[PDB]
Amino acid sequence: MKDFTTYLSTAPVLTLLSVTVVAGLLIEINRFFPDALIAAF
Amino acid sequence: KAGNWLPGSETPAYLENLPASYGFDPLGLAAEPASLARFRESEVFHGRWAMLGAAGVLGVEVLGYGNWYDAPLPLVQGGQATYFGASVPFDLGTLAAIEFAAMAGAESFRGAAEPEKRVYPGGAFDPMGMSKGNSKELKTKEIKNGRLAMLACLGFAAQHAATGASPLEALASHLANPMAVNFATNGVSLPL
Amino acid sequence: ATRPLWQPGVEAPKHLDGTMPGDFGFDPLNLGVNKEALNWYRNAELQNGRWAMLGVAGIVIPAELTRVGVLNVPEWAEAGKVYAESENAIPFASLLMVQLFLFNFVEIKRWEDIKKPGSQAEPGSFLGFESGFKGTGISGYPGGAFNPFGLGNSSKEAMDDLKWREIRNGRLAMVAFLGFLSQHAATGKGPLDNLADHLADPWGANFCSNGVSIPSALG
Amino acid sequence: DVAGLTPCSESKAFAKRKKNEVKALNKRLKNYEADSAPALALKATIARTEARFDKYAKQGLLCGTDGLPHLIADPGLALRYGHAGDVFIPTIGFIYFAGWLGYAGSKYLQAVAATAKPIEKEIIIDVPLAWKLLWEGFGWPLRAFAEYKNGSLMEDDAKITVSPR
Amino acid sequence: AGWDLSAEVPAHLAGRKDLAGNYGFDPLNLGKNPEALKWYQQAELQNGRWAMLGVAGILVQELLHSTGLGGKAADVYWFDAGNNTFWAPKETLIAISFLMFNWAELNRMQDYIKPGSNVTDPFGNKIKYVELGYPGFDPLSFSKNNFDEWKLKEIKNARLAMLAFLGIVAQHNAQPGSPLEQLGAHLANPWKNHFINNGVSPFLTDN
Ligand SMILES: CC1=C[C@H](O)CC(C)(C)[C@H]1/C=C/C(C)=C/C=C/C(C)=C/C=C/C=C(C)/C=C/C=C(C)/C=C/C1=C(C)C[C@H](O)CC1(C)C
Ligand SMILES: CC1=C[C@H](O)CC(C)(C)[C@H]1/C=C/C(C)=C/C=C/C(C)=C/C=C/C=C(C)/C=C/C=C(C)/C=C/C1=C(C)C[C@H](O)CC1(C)C
Ligand SMILES: CC1=C[C@H](O)CC(C)(C)[C@H]1/C=C/C(C)=C/C=C/C(C)=C/C=C/C=C(C)/C=C/C=C(C)/C=C/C1=C(C)C[C@H](O)CC1(C)C
Ligand SMILES: CC(=O)/C=C/C=C(C)/C=C/[C@H]1[C@H](C)CCCC1(C)C
C-alpha cells in the first residue's frame with residue numbers, strides 16, 4: 001500500500017491529477033457562472 | 001503641603017514643599033524636574049491670564065457695555081470697535097498686528113530670562129514691594145485664585161456654547177428657577 | 001505550556017509558546033514564525049481589536065438605545081450620509097483630510113514607539129510632556145498619560161489578566177464588526193433587526209435564506 | 001463615456017447584435033420539434049445568449065462603434081467612472097492567486113532542499129507537506145513582505161555563481 | 001458542602017471562615033483568584049445592602065398604596081413613579097444623585113484601595129476602622145459582641161433581598177400589578193397562578 005501511494009505521489013501522476021482537478025473546478029465555475037467577462041462583485 | 005486632594009491617598013513626594021500643592025498628579029506629569037518647573041511656570045502664567053480674563057468678562061458685563069462673546073462681533077460685518085462706550089479707529093488687521101508685536105516683544109523678553117524670573121520676577125514688577133516677608137502664603141493665594149479663575153473662564157465658554165447666554169444672564173436665570181434651570185435641563189450637558 | 005489550546009489534541013507551534021495575551025496556539029498559516037513579524041502582528045492585532053471595539057460599541061449601544069426610544073440615531077450604514085445632508089455639514093474631503101492629518105501625527109509617533117519603546121521619552125522632544133511617553137517595555141501598552149486610573153498596576157499578574165480580557169474582547173468585537181458588514185451587505189437591515197428576525201424563525205431566517213451568501217446560480 | 005465609448009445599454013449596435021444572434025438561433029430551432037432534445041438544447045442556448053447580453057448591458061460595460069464591450073485598463077480612470085472590475089480588480093485577484101501558487105512552490109522547494117535526498121522529493125512529491133504548504137501559501141502577501149523586510153527573501157550576490165565575464 | 005451535602009468546598013473557600021455566609025457555593029470558581037474574591041465580597045455587600053434598601057422601599061410604598069396611608073405620592077405603582085411631580089424635575093434629581101454618589105462612592109473606593117486610610121473627615125472627626133467591608137458606622141455599638149453572627153444575619157438578609165428584587169422585576173415584566181397584588185393573585189388559587197400559566201416564562205406553552 002505504501003508503494004502504491006508513493007507511485008501516486010510521482011510528478012506525472014500528481015501533475016495530471018492536479019491539472020484534472022483545476023480543469024474540473026474551472027469547468028464547473030463556468031457552468032454555474034457563465035460568461036463572466038468582468039469581476040462584478 | 002496643606003491639603004491632600006484625596007484624603008486617604010499617598011501624594012507624590014516631589015509636590016510636598018511647593019506652594020498651593022495638594023499632591024494632585026495622578027497622571028505623573030511632573031515626575032521629571034524639568035517638566036515640573038515648566039508646568040509650574042505655565043500654571044502660574046495661566047492663572048494670571050485667567051484672572052485677568054475673568055475680571056474683564058465680568059467687568060464688561062456688569063457695566064452694561066456688552067458681552068464677551070459679542071465683543072469682536074461689531075468689528076466683523078463692518079467695523080468700529082467700542083471701548084468704555086467710546087470708539088476706537090482700528091481694523092482687524094491693524095489690531096492683530098499691534099497685539100502681535102506688543103505680545104511678541106513682552107513674551108520674548110519674559111521667556112529669555114532665568115527660569116525663576118520667568119514666573120516670579122520681583123523688582124520693577126512689584127511697585128509696592130510686598131514680595132518680601134513670607135511670599136509662600138501669597139504665592140499660594142495667587143495660585144488658588146488663578147485656578148478658580150481658570151475654572152470660571154472654562155465655565156463661561158462651556159455655558160455659552162451650551163445654553164447660549166452670557167454669564168450674568170445665566171446667573172440670573174439660574175437664580176430665578178434653581179430647580180428647573182441648570183445644566184441638567186439643557187439638552188447638551190446631561191443627555192440621558 | 002499546558003494552557004488551553006485552540007484545537008485540543010494539537011500541539012502549539014514552537015514560535016508561539018505561551019506569553020502573549022490571547023495565546024491559544026492558533027496559527028495554521030504559520031504567519032508569525034518571524035519574531036519581528038510576530039511583534040508587528042501583535043501590535044496590529046491590538047490596534048485592530050481596540051478600533052473594532054470602539055466601532056462595535058458606537059454601533060450597538062446607540063442602536064440599542066434607539067430601539068428602546070431614548071436617543072434616536074440613524075443606522076450605522078446611513079450615519080455617514082445623514083450627516084452629509086446636514087446644514088452646516090463639513091465637506092467629506094475636508095473632514096477626511098483633517099482626520100488623516102491628526103492621525104498622521106499620532107500614528108507616526110506610535111510607529112516610532114513600536115520600533116523602540118522608549119523612543120518618545122527622549123528628553124527635550126516636547127514641552128516637558130515626553131516624560132509621560134515612556135512605555136511599559138512592550139509596544140502597545142503605554143502607561144503614563146494613558147491608563148490614568150492605573151488599572152492593573154497592583155501587580156504583574158493583575159495586568160496579565162486584564163490583557164487577556166482586552167485581547168478576547170477585541171477579537172470578539174473584530175468578528176462582530178465583520179459580521180455587521182456581511183449582514184448589512186446581505187440584508188439591508190441593522191444588527192438588532194437581524195437578531196430579532198432570526199429569533200422569530202431561526203430555521204427560516206438566517207444566512208441560508210438571505211439570497212446573497214448562497215449564490216442563486218447553484219440552486 | 002471614457003474615450004468616446006457609449007454604454008452598451010444605449011448602444012444600438014449591441015442591441016442589433018443580440019437580435020441577430022437570437023434570430024439565427026431561432027432560425028436553426030425552426031427545423032425541429034417542440035419538445036425534442038435538439039429543440040431543448042437550442043432553447044437553452046437562446047436563454048443563455050439573452051442572459052449574457054442582459055448581464056453585459058446591466059453591468060455597465062462600455063461598447064464601441066462595433067457594438068462589442070471594451071475594457072478600461074487604467075486606475076483612476078476606471079475607479080472614477082465605475083470600471084474597476086474590468087482590469088483593476090481582476091489584476092488584484094490574479095496577483096493574489098499567482099503569488100499563492102508561487103509562494104507554495106517556493107516554500108516546498110526550500111523545505112525539501114534541506115532533506116538528504118532533495119531530487120527524489122522533487123520527482124516524488126510529499127503530498128502531506130505539499131498540502132500544508134499550499135494552505136500556508138494563502139497568507140503569501142504577509143509572509144513575503146515580512147521576509148523582504150527581514151532580508152531572508154534574497155540571496156547574497158556574492159553567494160550566487162556567475163559567469164567569468 | 002454547606003449549600004449541598006453532596007458537594008465539596010472549592011478549596012479557595014475552605015480556609016476562609018472570616019467571610020459572612022460562607023457555604024462553599026462557587027460552582028463557577030469565580031472567586032478562585034484572591035483579588036477577584038476580595039472584589040466580589042465588596043460587590044456582594046454593596047449589591048445586597050442596596051437591594052435591601054430598594055426592596056424595603058418598594059414593599060413599603062406598595063403597602064401604603066394598597067392599604068392607604070401615604071398621600072397622592074404613594075398612591076402609585078413603583079414603576080410609575082415617573083408620573084409623579086416632585087420639587088425638582090427628573091434631570092435635576094438625576095444630576096444631584098450623580099454628584100452625591102460620586103462623592104460617597106469615591107470615599108468608599110479610596111478606603112478599598114487602602115483600608116484604614118480614608119477614615120478622617122475634613123473637620124478632624126475620626127472613627128475606629130473594623131475590617132474593609134465594614135467601615136465602622138455603628139452609632140449604636142451593636143458590633144461590640146457577636147460580630148460574626150450579626151454579619152451572617154446581614155449577608156443572609158442581603159442575599160434574600162437581592163433575590164426578592166430580581167423576582168419583583170421578573171414578575172413585573174411577566175405579571176401585571178404591584179408585587180403585593182401579584183402575591184394576592186397567587187394566593188387566590190394558588191395552583192393556577194405560578195409563572196407556568198403566565199404565558200411568558202415557558203414561552204413554548206401557548207406561544
Ligand atoms: C493638573 C492636572 C494633573 C493631573 O495629573 C492630570 C490633569 C487632570 C490633566 C490635570 C488637570 C488639568 C486641568 C484641570 C486643566 C484645566 C485648565 C484650564 C481650565 C485652563 C483654562 C485657562 C483659561 C484661560 C487662560 C482664559 C483666559 C481668558 C481670557 C484671556 C479672556 C479674554 C477675553 C476677555 C478678557 C473679554 C473679551 O470680551 C473676550 C476675551 C478676548 C475672550
Ligand atoms: C489569526 C489568524 C492566523 C492564522 O494563521 C491565519 C488566519 C486564519 C487568517 C488568522 C485569522 C485572521 C482573522 C480572523 C482576521 C480577522 C480580522 C478582523 C475581522 C478584523 C476587523 C477589524 C475591524 C475593525 C478595525 C472595525 C472598526 C470599526 C469601526 C471603527 C466602525 C466605525 C463606524 C462607526 C463607529 C459608526 C458609523 O456610523 C459607521 C462606522 C464609520 C463604520
Ligand atoms: C453566587 C454565584 C457564584 C457562582 O459560582 C455562580 C453564580 C450562580 C452565578 C452565582 C450567583 C449569582 C447571583 C444569584 C447573583 C445575583 C445577584 C442579584 C440578584 C443582585 C441584585 C441586586 C439588586 C439591586 C442592587 C436592586 C436595588 C434596587 C433598588 C435600589 C430599588 C430602587 C427603587 C425603589 C426603592 C422604589 C422606586 O419606586 C423604584 C426604584 C427607583 C427602582
Ligand atoms: C509661532 C512661531 O513661529 C514661533 C514661536 C516661538 C516661541 C514661542 C519660542 C519661545 C521661547 C522658547 C520656549 C525658547 C527660547 C526662546 C523663547 C522666545 C523664550
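Just so you know, ligand 1 is whichever comes first in the structure, and atom 1 is the first atom listed for that ligand. What you see below is based on every heavy atom in this structure, not just the backbone, and it leaves out hydrogens, waters and symmetry mates. By convention in this document, chain letters (A, B, ...) are assigned in the order of the sequence lines, proteins followed by strands, and residues within each chain are numbered from 1.
- Protein heavy atom nearest atom 10 (C) of ligand 3, with residue, atom name and distance: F25(E) CE2, 4.1 Å.
- Given atom 34 (C) of ligand 3, the protein heavy atom at minimum distance is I58(E) CG1, 3.9 Å.
- Of all the atoms in ligand 1, the ones that sit under 4.0 Å from a non-hydrogen atom of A71(B) are 38 (O).
- Using a 4.5 Å cut-off on side-chain heavy atoms (C-beta onward), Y22(B) and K1(B) make no contact.
- Heavy atoms of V60(B) come nearer than 4.0 angstrom to ligand 1 in no pair at all.
- With 3.5 Å as the limit, one finds no donor-acceptor pair spanning the side chains of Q120(C) and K134(C).
- Taking all atoms of both residues into account, the shortest heavy-atom contact from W78(E) to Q61(E) is N-OE1, 3.7 Å.
- Taking every heavy atom of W68(B) and a limit of under 4.0 angstrom, the matching atoms of ligand 1 come to 38 (O), 39 (C).
- For atom 36 (C) of ligand 1, a protein heavy-atom neighbour is found at a distance under 4.0 Å.
- Heavy atoms from both the backbone and the side chain of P26(B) come within less than 4.0 Å of ligand 1.
- At the shortest separation from atom 38 (O) of ligand 3 among protein heavy atoms lies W78(E) O, 3.0 Å.
- Atom 32 (C) of ligand 3 has its nearest heavy-atom neighbour, among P10(E), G54(E), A51(E), in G54(E).
- No donor-acceptor distance shorter than 3.5 angstrom exists from the side chain of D80(E) to the backbone of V76(E), with no hydrogens or angles considered.
- Protein non-hydrogen atoms do reach within 4.0 Å of atom 19 (C) of ligand 4.
- Side chains of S66(E) and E181(E): no donor on one and acceptor on the other come within 3.5 Å.
- Nearest non-hydrogen protein atom to atom 9 (C) of ligand 3 is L28(E) CD1, 4.3 Å.
- Between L27(B) and ligand 1, at least one pair of N/O atoms sits closer than 3.5 Å.
- In this structure, the side chains of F45(B) and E107(B) come closer than 4.5 Å at one or more pairs of heavy atoms.
- Less than 4.0 angstrom separates atom 21 (C) of ligand 1 from at least one non-hydrogen atom of the protein.
- Distance check on atom 13 (C) of ligand 3: every protein heavy atom falls at or beyond the 4.0 Å cut-off.
- Within the 4.0 Å cut-off (strictly below), a protein heavy atom is located near atom 1 (C) of ligand 1.
- Under the 4.0 angstrom criterion, atom 4 (C) of ligand 1 counts as having a protein heavy-atom contact.
- There is no side-chain donor-acceptor pair under 3.5 Å between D26(E) and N29(E).
- When only non-hydrogen protein atoms are considered, atom 28 (C) of ligand 3 lies nearest to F165(E) CE1, 3.4 Å.
- Of the N and O atoms on the side chains of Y14(B) and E32(B), not one donor lies less than 3.5 Å from an acceptor on the other residue.
- More than 12 heavy atoms of other residues, nucleotides or ligands sit less than 6.0 Å from atom CG of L171(B).
- Within the listing of ligand 1, atoms 5 (O) sit less than 4.0 angstrom from a heavy atom of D25(B).
- Less than 4.0 angstrom separates some heavy atom of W50(E) from each of these atoms of ligand 3: 27 (C), 30 (C).
- By the 4.5 Å heavy-atom criterion applied to side chains, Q159(B) and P167(B) are counted as neighbours.
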